[PDB]
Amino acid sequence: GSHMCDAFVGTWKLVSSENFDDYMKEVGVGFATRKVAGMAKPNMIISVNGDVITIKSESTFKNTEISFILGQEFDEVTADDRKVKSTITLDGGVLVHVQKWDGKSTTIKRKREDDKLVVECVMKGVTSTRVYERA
């Protein structure tokens, strides 16, 4: 086993969000997509198979999935339709996901806190915090 498995693997459901509309504005998401996506209560399904980590997002708005190896950059087409270059690392027990596109950057951190998975999303000075619980 591993730290990664013990901490993050499982099925997680959104239970609270703060500042996500403002984070989405900063990223460039348009009005209609922000309103519909902001209603969603996604599940985040995290699994590990050898070196490969998969993070699946399921919702009423969009379903997507990424698979990756830590430290190894990959192309991601995000659900808000950005074509980004992503790298995900494990730094001090936190999964740190950086997305680069059009000379911009955003960082998404996933951390365990108590029985929750806390996701912090930062674009310029805007931070959104999304809290997920085990399904």
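A residue's number is simply how far along the shown sequence it sits, counting from 1. Just so we're on the same page, rigid core means the largest C-alpha set that superposes within 1.5 Å between forms.
Asks: Given a rigid core fit, name the stretch, 122-130 or 5-13, whose C-alphas are on average farther from the form shown here in 8 other deposited structures of this protein.
Replies: Comparing 5-13 with 122-130, the one that moves more in 8 other deposited structures of this protein is 5-13.
Asks: Using only C-alpha atoms and the B-factors in the entry, which stretch averages higher, 87-95 or 61-69?
Replies: Higher of the two, by average CA B-factor, is 61-69.
Asks: Would you mind checking which of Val48, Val29, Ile45, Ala79 has the top Cα temperature factor in the PDB entry?
Replies: Within the set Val48, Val29, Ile45, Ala79, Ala79 shows the top C-alpha B-factor.
Asks: By the recorded C-alpha temperature factor, relative to the other modelled residues in its chain, which third is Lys104 in?
Replies: CA B-factor rank for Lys104: highest third.
Asks: Of the three thirds of its chain by CA temperature factor, lowest, middle or highest, which one includes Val15?
Replies: Highest third.
Asks: Quick check on the deposited entry: does the C-alpha B-factor of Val36 sit in the lowest, middle or highest third of its chain?
Replies: Middle third of the chain for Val36's C-alpha B-factor.
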